[PDB]
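**Q** Pasting in a structure now, in structure tokens, and then I'll have a few things to ask.
Numbering (this note's numbering), first residue to last: 1 to 156.
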């Protein structure tokens, strides 16, 4: 009694290529789900995860080892002009933490919430092929993180 669409994609990041794999490829993934409700606008849920680290080589075979992962969840409405294109809005929050100390003890802890927002455009050149291009920007004073997401979706 309705239609749903599932779109998957991979996180993309700007990298430099000098003809040599000086920069390591990034690792991340994203998944989007479209839920159709009886209304003038639909709503989607998006989940994105990316690993942040120094994947760039200072000179060659030299980098800063570190581990940090960001988990971001966003959701927003979908606006369709008229059976031609659809625009997606992303709004949510992100959080990442990769510190360990003790699971038992008493100490003051601090935490910050990253603001995640973005937008996506949907193109349907074919009825059985949906192109989903979107971007997500994580606002954090400590570290500015921009993530580009590219993927495809299937509907019907």
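Don't be surprised by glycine CBs; every beta carbon is placed ideally from N, CA and C.
For chain B, find out if any of its Cβ atoms is closer than 8 Å to the Cβ of residue 90; answer yes or no.
**A** Absent from the structure: chain B. Only one protein chain is present.
**Q** Beta carbon of residue 70, beta carbon of residue 52: below 8 Å?
**A** The sequence position of residue 70 within the chain shown is 70, counting from 1. The sequence position of residue 52 within the chain shown is 52, counting from 1. Yes; because the gap between Cβ atoms is below 8 Å, this pair is in contact.
**Q** For residue 132 versus residue 120, is the C-beta spacing smaller than 8 Å?
**A** Residue numbering aside, residue 132 sits at position 132 when the chain shown is read from its first letter. Residue numbering aside, residue 120 sits at position 120 when the chain shown is read from its first letter. It is a contact, given that the beta carbons lie within the stated cut-off.
**Q** Taking the C-alpha atoms as reference points, what is the distance between residue 43 and residue 139?
**A** Translated into positions along the chain shown, residue 43 becomes position 43. Translated into positions along the chain shown, residue 139 becomes position 139. Distance between the alpha carbons of residue 43 and residue 139: 23 Å.
**Q** By Cβ distance, which residues of its chain are closer than 6 Å to residue 146, with the 5 residues on each side in sequence left out?
**A** Here residue 146 refers to the residue found at position 146 of the chain shown. So the qualifying residues of the chain are 137.
**Q** Can you look up residue 113 in the DSSP assignment and give me helix, strand or coil?
**A** Locating residue 113 in the chain shown gives position 113, where the first residue counts as 1. Coil.
**Q** What are the complete beta strand (DSSP E) segments, minimum 3 residues, inside the stretch 6-54?
**A** Segments of the beta strand (DSSP E) lying fully in the stretch 6-54: 28-35 and 42-52.
**Q** In whole angstroms, give me the CA-to-CA distance for residue 148 and residue 48.
**A** Mapped onto the chain shown, residue 148 falls at position 148. Mapped onto the chain shown, residue 48 falls at position 48. Their backbone Cα atoms lie some 11 Å apart in a straight line.
**Q** Please classify residue 111 as buried or exposed, where buried requires at least 16 other C-beta atoms within 10 Å of its C-beta.
**A** Locating residue 111 in the chain shown gives position 111, counting from the first residue. It counts as exposed.
**Q** Just the C-alpha distance for residue 100 and residue 107, rounded to the nearest angstrom, thanks.
**A** By one-based count along the chain shown, residue 100 stands at place 100. By one-based count along the chain shown, residue 107 stands at place 107. Residue 100 and residue 107: Cα-Cα distance of roughly 13 Å.
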